[PDB]
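Undergrad: Got a structure for you, written out below as structure tokens; questions coming shortly.
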Amino acid sequence: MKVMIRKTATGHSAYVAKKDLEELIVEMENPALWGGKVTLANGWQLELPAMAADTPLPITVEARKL
């Protein structure tokens with residue numbers, strides 16, 4: 001599965017490729033982002049394998065929704 005976590009210093013966005021859904025991160029496992037699960041403003045939850053808690057660049061990882 002494919003998901004692209006797009007990042008800014010303050011901005012946090014997640015692009016669910018399989019749905020073409022890019023939504024704002026309103027709820028996080030860790031105040032940064034990564035750690036366990038994340039929830040978009042749409043209500044969708046995406047799991048983070050936990051690496052670079054606040055990524056300084058748009059990273060593409062596997063999609064695993066809750």
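All of the numbers you see were taken from the coordinates with simple rules; none came from a lab. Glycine gets a Cβ as well: all are built from the backbone with ideal geometry, and neighbour counts include every protein chain shown.
Undergrad: Filter the stretch 1-45 down to the residues that are polar (S, T, N, Q) and assigned to a strand (DSSP E or B), then identify the one that is nearest to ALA63 (Cα to Cα).
TA: Ranking the qualifying residues of the stretch 1-45, first place goes to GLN45.
Undergrad: For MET51, state whether it is free of Cβ contacts under 8 Å to residues at least 24 places away in the same chain and in a loop (DSSP other than H, G, I, E, B).
TA: yes
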